[PDB]
Amino acid sequence: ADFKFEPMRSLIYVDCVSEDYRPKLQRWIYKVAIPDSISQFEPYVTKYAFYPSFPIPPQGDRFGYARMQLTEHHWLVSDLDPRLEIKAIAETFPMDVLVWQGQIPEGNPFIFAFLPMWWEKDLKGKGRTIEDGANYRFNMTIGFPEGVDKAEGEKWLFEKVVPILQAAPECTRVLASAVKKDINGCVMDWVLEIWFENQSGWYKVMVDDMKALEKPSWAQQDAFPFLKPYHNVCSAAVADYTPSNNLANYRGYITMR
Amino acid sequence: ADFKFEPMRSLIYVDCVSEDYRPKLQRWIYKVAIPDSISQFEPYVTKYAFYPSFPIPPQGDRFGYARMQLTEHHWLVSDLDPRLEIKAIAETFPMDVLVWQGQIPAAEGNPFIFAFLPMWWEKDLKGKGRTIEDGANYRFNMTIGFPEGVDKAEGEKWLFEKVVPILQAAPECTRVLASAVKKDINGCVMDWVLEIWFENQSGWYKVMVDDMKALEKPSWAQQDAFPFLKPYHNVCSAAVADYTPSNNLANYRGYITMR
Amino acid sequence: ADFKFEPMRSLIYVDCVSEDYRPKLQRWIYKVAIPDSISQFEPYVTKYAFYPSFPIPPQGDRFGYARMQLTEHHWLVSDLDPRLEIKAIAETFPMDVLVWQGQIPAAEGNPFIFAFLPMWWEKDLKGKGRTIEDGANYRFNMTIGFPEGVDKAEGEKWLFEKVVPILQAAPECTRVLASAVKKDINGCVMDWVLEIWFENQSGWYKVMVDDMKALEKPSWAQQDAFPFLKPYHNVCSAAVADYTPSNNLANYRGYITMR
Amino acid sequence: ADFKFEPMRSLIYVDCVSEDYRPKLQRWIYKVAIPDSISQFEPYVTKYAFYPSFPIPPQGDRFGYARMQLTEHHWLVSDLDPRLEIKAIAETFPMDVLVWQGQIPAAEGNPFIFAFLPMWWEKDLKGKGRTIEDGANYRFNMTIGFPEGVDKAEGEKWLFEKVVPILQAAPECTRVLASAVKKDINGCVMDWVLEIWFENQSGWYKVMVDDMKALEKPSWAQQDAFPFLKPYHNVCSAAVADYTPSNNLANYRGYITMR
Amino acid sequence: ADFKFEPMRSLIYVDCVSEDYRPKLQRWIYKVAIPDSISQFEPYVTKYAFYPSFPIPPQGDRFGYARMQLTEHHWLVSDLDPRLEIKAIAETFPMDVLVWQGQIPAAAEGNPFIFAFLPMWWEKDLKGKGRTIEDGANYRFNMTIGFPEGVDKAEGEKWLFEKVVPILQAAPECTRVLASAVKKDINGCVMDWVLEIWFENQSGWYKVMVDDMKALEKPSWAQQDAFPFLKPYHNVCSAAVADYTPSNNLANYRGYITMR
Amino acid sequence: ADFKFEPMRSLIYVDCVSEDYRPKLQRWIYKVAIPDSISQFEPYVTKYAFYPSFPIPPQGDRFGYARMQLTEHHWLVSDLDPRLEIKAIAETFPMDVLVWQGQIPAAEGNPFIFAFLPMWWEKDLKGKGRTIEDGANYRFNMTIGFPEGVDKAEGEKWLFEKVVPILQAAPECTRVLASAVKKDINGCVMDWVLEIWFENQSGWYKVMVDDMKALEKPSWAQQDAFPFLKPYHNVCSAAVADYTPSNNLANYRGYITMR
């Protein structure tokens, strides 16, 4: 019988591999994914929201930049509990959505990271408010390649990478949670959000300041983040606010006139 | 102090024993029951909804057919925890509502069936993977409880080995789902809840009446024909649509009157 | 350029000619008709709502009883202005909906009754000052149009001098209201819309069937008994509650499916 | 047929003549007045809202200070068109509400002040261009009507030549706005509505009491001090905030009770 | 990892120490506090609401009467779990709000911030069980108390329930009495009890909470001469509120829309 | 007194001249513009919405492509009526917003294009009857105004006799719609607004760039290629989806920040 109280925040990195797919993928998301979703999890999800990603910045491709959105659920129970596999009504989820997102064409894994509802580490910019200004919120998840010691990767991240973020005045905030791997075997290890004022601030720090970094022995590309795009790193730059707070705001797929 | 996280889906089988009562019972439900309810459980119920039952089909009376609605709560805690008996404001619940629902007559009355379930169906026995796009569903929700002194394991075995296969054989039946009732919560006499989908009333009839004549009449039967259980006492049911506009936590804006 | 301020209340009498059609027609209405509709007229309709009809009462068939609902719009402009025919996105309206409503068979076929009215009742002939606290109302909404070649003044005189007094005499009848149909808008064949309240179905029957036998059968009668008009062609009706949860502009949150 | 497009903003000055009445009057307003109201005018009112008045300031009694709220409707048509008198469902409006508001006593009562205005202020006499970021406003809304047999032109001249300049001189006063009352609608005795903003109650006092002592007492004065008009009869007022949570068409979700 | 399921009802006693502050404090609450709040706790709070207090009644000052509102959260987890201190976006909460509420003087002794955690359901129902909304409009006097330092808690409880409550039960003017014990283990709130005591109106409140209560033995630990015998705003806070608020913030809020 | 019933649809072409400005401009729009706006026009605007533009396509710069959104109001009265200039609270509109949108540099600046239209399209030139089920639309909304000293009738003739036929010839173009700009309202320099649908960006390109090379370059042309008009000055545009979540009158619940 018993079901564990397991409050978590999920993030899904929704890419769009081509502008010709955008109308169709966007349609599916807003016309189909929302109602199918709420139909299933309304009673045990407290917040379902989409954060459309800003235009892909220069060299964003190398950070597995999700060109469509982030998809953010707040769960009261583990959606991977086997008993939750049973649904009266099932979702409409065509093959085509996976083509559009880039799961299918070599093809890219579906990154679904589970987190505790609150950030575990606050490494810069504590006490910042909304009045302090509009944030270019760079959300990035990473997973160290196979056969790399996790403790060693953690040590690299926090002792080599983060200090560069702390040094940069262009970087207003740094936050990190460790991925709940015990839930869905997500290959990612960390999720970070790193705020800037704008795209140029992002570039200056995440490209130029980061050239200073020693290229690690396990690197899957020459430059930071040294991890395989869309496979061992995904990301998105998003705004402080979304109008797509789906549990509160959705009123059907109303069409423009 | 401690309060156990106990996520459940409740169903109440709301009958209406006479069309002359319908205006008044419907009024109570939508004008009074909703605000009184939300006033009490808003902080620990995630979804409160009413699914109006379709017109009672031929021989529906024999399945304890609730002629008004199903009432569906999603709980985060056991509403039968004794500490939850204390309410600043109490509900308005007249005698008359029980007359209307058939709990009391003008000449024997009917129990109030309030079944607690896990939020997710336990058994998916037909039609897995069906979506809303596959078409409009005549959703026959039926709960049953085996008569007193009938072994539960034996009743389970009957249900799943004799009854369900007839549903599986029938092309008219698009879906079959079952959960075992949480009896430990409120001593509900029912044992199972099933939802059995059809295309329409005729599909329902063809299977639940005609195909079911084939069944061996069990020794404990309380009526001659399937479901072999006493209407409204050991079986209640309702046929409902996929969608309700009465999703009360989101949708309610007061008892606004027609012009 | 100029667009006339034309505040009106529309009523559409939505029938359902068979229970096997109900799931599918209900689906279309709530899953498709609503969003397609709001997509088009949100900026110039102040209220869009559906009032599900109560179960068809005995002999309701003879009053063109809409077995599904009433569909009620409040317009700021004439939807029949020719310039309003152009829509970026058009509605999905299958042939099948007309089968289900009885506009076509799959056994003669019934017109689509869409009556335009002023937003306020023109005549208040009984029960003025009645409030919601006075009790739950069985609201019988009925529209009528006199057969071809019948003088309109003469029909009016019949209605108000012969019919209405029987309603006024009956204590079972709590309210009587009437507006004259705007015929100048969409050529609707109906002439009047009335709402006649009772306590319940039996009150309705006692008055609209039994008390009405007393009436002189007029020379133009299209059937033996009141209302003396051809069902679904020259009379449509529905009995509805004071309240609907389907106040679509405020309440709709998508076609969310039961679990 | 034709109904004139008449966009207006109404204000009703809702007093509460005793603290012992506040619970009951407040209940009526929020439990009964809202749903009865929306039930009637939803299709032709674009905004219905209540602005609770701040605590009555010193000597506010002399300005006909409404100790409960302002009631603010935005109309698309004249509610005083005679055809709008007919309502299917009528409102619940007990005698007691009039006692509570002070229309009737337990020993002379007070008129019901219902002022119709154009939706936009006619005169902007101070503080043009002020935004919400400029700070929180103590908004003193005051309506006045000159006693019987006082020339209106002469009263206007007094107001704009003697009164207004004192407001303009006072740095404590951040804003001055005025519309002339639509008298042609409901024969409201009032002539002007003004809103006069301060930072706080003391600012209000300093200007509307102390600075105003400077004023010549006019020959028609109905009291010794400004505003020289009979409280609640020829002057009503209220001090309100920039924001109300009671924007009733958008926000109302029923009379949900505290736990 | 694990986070405990801890369903609770919080109450915050929001005072306003001067009418000249009311516009500004009210603005902050409705323009800023709400969105900043929902931005943080939307996923684990089921109900966030404000109950504006009725006008301070005669001698209400002596009961630590919050002249602005009550602030009522329903939590699914302990907001005082240390891991909940981390927020992406932090709240805007100026010094000035503390001046307005009376936590600080503007340039000199202030008043503590009373934030009481409770179980979601009342623990004791001591009068008026079964009363409905149809029974009439309620003057709901919510009052929290905490016994002075070095007063035995069991002894204070015994005083409250054996001396005070019977006066409430005797008074026909008092329609309801409810009490929960404060969860002290959560945030070290100095208060011990929260009670709600209903009347018909302000005069009913006065007749009972002032006049009937004169009958009471003045305890040895008393911090003022008259009931409630506790230091205003420090060891007792209160508010009289209506059955209904329009500020049910999770459901109702549509932005800080300004009057025209 | 009188206020004319003037139902209209406005469009504002909101550009964003640099990605470094997007966070800040987007913030202003969603945090400030919305509440300031609703605070002013809630009672006489039936729909306020934002349609975020898709990524600027190849050579979109030449069509005055608004890189932020379209801003769409539905008015019941002319916002340019002089009496509507008076507002109690005024809007917060920094210099910086004009920098971000490109009205000013920190080169050469760009006019603020605010086009008023009838609520319904005047000309339906292709794809009549198309529904939402027919598929997802790349909706290219484009407004144009003919250079100074060009006869308007002659420009109209060019548009409908030369340009539109190319759209009609292209199977890649699923829809063509046009309204004439109400110039009598706000002296907007634009003359027409068109919406031209494709399947996707490539369809847009193939037709609006490649097929359009076929066109005779007119004598008044302000650039070599179609649309032959000065970007952002005599032509603005945006490609948008069928649906926006930013339907501000229904959906806005404050500036809630991500966690």
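Some notes on this structure:
Note that the chains are named A, B, C, D, E and F in the order they appear, and that numbering of residues resets to 1 at the start of each chain.
Keep this in mind: contacts are C-beta pairs under 8 Å (C-beta built on N, C-alpha and C of every residue); 3 or more make two chains touch, one makes a residue touch a chain.
Between C-D and the choices B-C, B-D or C-F, the pair with more than half the same contact pairs by residue number is C-F. The chain pair with the larger count of C-beta pairs in contact, out of B-E and A-F, is A-F.
Centroids built from CA atoms put subunit F at 41 Å from subunit D. If you average the Cα atoms of subunit A and of subunit C, the two centres end up 52 Å apart.
Taking the mean of the C-alpha atoms as each chain's centre, subunit B and subunit C sit 32 Å apart. The set of subunit A residues touching two or more other chains comprises 5, 9, 39, 42-43, 76, 87-89, 117, 130, 240, 250-251, 253-257. Taken together, the subunit A residues at the contact with subunit F in this complex read 9, 19-24, 26-27, 30-31, 51-52, 54-55, 57, 72, 117, 130, 133-137, 197-200, 238-245, 248-251, 253-257. Partner subunit F is touched in their complex by these residues of subunit D: 5-7, 9, 46-47, 74, 76, 118-124, 128-133, 175, 177, 182, 195, 242. On the subunit E side of its complex with subunit A, the touching residues are 1, 3-5, 36, 39, 42-44, 76-77, 83-84, 86-92. Of all the residues in subunit D, the ones that touch subunit B in their complex are 34-36, 38-40, 42-43, 87-89, 252-259.
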